[PDB]
Structures are given as C-alpha cells and as structure tokens.
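Starting off, we have a lone chain in the form deposited in one PDB entry, written out as structure tokens.
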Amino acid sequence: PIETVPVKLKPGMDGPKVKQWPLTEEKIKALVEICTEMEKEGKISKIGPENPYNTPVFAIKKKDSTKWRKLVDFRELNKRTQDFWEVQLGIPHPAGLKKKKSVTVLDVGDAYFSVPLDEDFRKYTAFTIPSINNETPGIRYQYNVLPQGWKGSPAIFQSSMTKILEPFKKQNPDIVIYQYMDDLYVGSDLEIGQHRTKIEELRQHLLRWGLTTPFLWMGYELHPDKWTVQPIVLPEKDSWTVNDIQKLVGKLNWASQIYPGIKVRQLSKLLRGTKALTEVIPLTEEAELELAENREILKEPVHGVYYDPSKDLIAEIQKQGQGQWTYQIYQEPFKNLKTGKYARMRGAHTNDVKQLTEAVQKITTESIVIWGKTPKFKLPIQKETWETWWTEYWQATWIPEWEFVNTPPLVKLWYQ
C-alpha cells in the first residue's frame, strides 16, 4: 500500500529510443528466465509497440561470480531524467571515503525492487528481449518498481536506506557509507579481519529489513589509502643523443601546456647544427640547470587545478604496450585532477579489449570513490571493435559514458 514518488524528465525532452543490440545465446536464456521470474513477481509487465520507448538490456557476471545478473543500459534514460539535485533528493558525497584503509562494495540494488514506481513514468523503462535467429518478434516489458541501474532509484530509496543503516551507523560512527547507484561503499580503518566482520554484520542487518518492512552476499575490497598518482617524468642519462634531446624538447614543449614555468631555450640551443640523430652531444652548463629546474617544476603540483562539483569528469586512456595503460582525469584541459597507470591487468599480452574494459572499470570506480561521479571516457579504440566485444568483459552494474578517439603517440609523454 506504499505511495509512489512522482518523477519527470527534463522539460523539452522525449523518452529514450535506443535500439536493442544482438545477444548471445547464454545471455538471452539468462534474461528470459530472469524476466519470467520478475514478471511473476509483478516487477515488470508485458507491453506492446504502442509504447515508443526502448532501452537496451543485456546480462553480466560480476567478478568471480557464476550467476547471471540483468543489466539495463539506462545511460540514455539517466541523462533525460530530472536531476534530483534540484529536487534536493540527491545524495551528498563524503570526502572521507577515499581516505579509509579498506572500502567494500556491496550490491544492494535488490532492495529497490520493493518500491513501486510512478505509473506515468513506467513507460520510459521499456526494454525488448531479442531471440536467436529472430525466431520471434522482440518481447517488450516495462518496469513497475524501481529498476536497478536507474539514477532515480537510489535517490527515491534514500529515505528507507538511511533509516535501515541508522542503527548500524550509530553503533559504528567511524565507518563511512556512500550510496552510488545500485552499490553501497562501506569504508573503515579497522584491521582487515574486523572489517570483513563488520561487513558481514551489515549484510545480516540488511537481511533483517528484507524479512520485515547479483546476490546481496557478494563484496569487493578496495584500498583507497594506497592509490598512487603517475606524474610526468624526464629520463635520466649521462649521454644524450640528438634524437634523445629532440624527444626531450618535444616532451617539455608539450608539458608546458600543463606546467607553464618550463623553458627549453638552453636545451634547444644544443640542436643548432644539422646533426645526425645518433650523435652524442654534451649538455652545456646552462642546459643542465634548465633540465634540473624543469624536474623541480614537474615535481610540484599544478596551480589552480581543483575539483568543481558542477562540471563533468573526463578520462583519457593511452595504450602504452606490453600491457601498460595510462590515464588522466580532468574537467578542464591540462588541469588534471588525477593521473595514473595500470599494468598486468586481466588480459595482459593477449586481449587489448579485455584490458581496456578493466581499465575503464577501474577508473570509474576510483572516480566514484574520490568524487562520487563517473567520468566520460575517451577510448583509444575503433568504435566497431569496442561495440563488438566490451559486454563480454563488463563486470560492473553501471556503465560510464564514452566516445572514440584516434590520437597517434608522437611524444612518449606519460610513459618512458
């Protein structure tokens, strides 16, 4: 007998109309079974072609999980739904979360199926299950309850959610809890044993509300306290060839857009003649200070580069080869909030696409913990290649935005 919270899209915007992409046999079977059980439970209901909206659906297995999990690509719906910040429903982000020694991620999306969804809004959650070899026309459902993956659902559920954790919070006031989409971020400074212990307590605690008023049991362990930054570094050599100094000058001249105090006059001089790339040339006394002075500048942080909560985050990724991937997170060009490098991820030396997928998931997770936002990615990959394979490797319950770029590496800038 619970009353539904009204929800409206942004004025001057239609609902989502995104085409369903082809699904493998195992994913459709999992989806048909899952949708059958959900329809029996009133969570969704069958609809026709007279609802003009559609949102792509597929299925995933989380890290080290053997049971299929439904995932809706609500990216389109999310960008068309009223921001609840204006409403004042939106969740605040705790600056302390990133400082805790252990942070466990719990899937709690299941809670959301308990809460009815506003009748007038349901039509926008329409999706179509496809069939192998098009044996059947698509089978369309829409949501009656709060769907996993929709940005409206954590917003609307917060009240019940705050009430549920309330006891646990008062008992353990040192523990940080952040809710992002279908996930709960629980951080503590406890020793590992008591941390996992406390997470189990919260989970059993969740069961007590579940009895009363994909699975809940899973948990992934982060350590935000140990998150490194990958800065810009110049090589160290006793002898420099013309080629080496050409690389160094191109690199320094590129870096200067980020650190303005960098100078290349003394270094550029060493290149006056038309000399062989392979020739060794001694650094002038003037040149050594300039190189040393630039190392000093690169050691210090950039000036006036801070997080603006109203601007979007952007992530760029470079493939460095030999399984190494670099990334930068920014809101304004050349004002990087974070830089980093990943190595030896799943797929190293055999699968670029799996590696990039892992990279994207890792970067998004860091962005959620640090800023409570997911960045928009600039991916170093052809669109067709990405769209063909990424869902085979996707293990997260959110999907960041992305676009495709093609930037040949002319300076080996973020990796030596």
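Whichever C-alpha set is largest while still superposing within 1.5 Å between the two forms counts as the rigid core. We number the residues from 1 along the sequence you see.
The following text describes the form deposited in another entry, which does not appear among the structures shown.
- With the core held fixed by superposition, the comparison between this form and the one not shown singles out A348 as the only member of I370, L379, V353, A348 whose CA moves by at least 2 angstroms.
- Comparing the forms between this form and the one not shown, the C-alpha position of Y307 differs by less than 2 angstroms, with the core used for superposition.
- Core-superposed comparison between this form and the one not shown: the Cα of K46 travels less than 2 Å.
- In the core-superposed comparison between this form and the one not shown, the C-alpha atom of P173 has shifted by less than 2 angstroms.
- Relative to this form, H223 and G219 approach one another in that other deposited form, with their C-alpha atoms ending up at least 3 Å closer.
- Pairwise change in that other deposited form: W85 and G152 C-alpha atoms lie closer than in the shown form, at least 3 Å.
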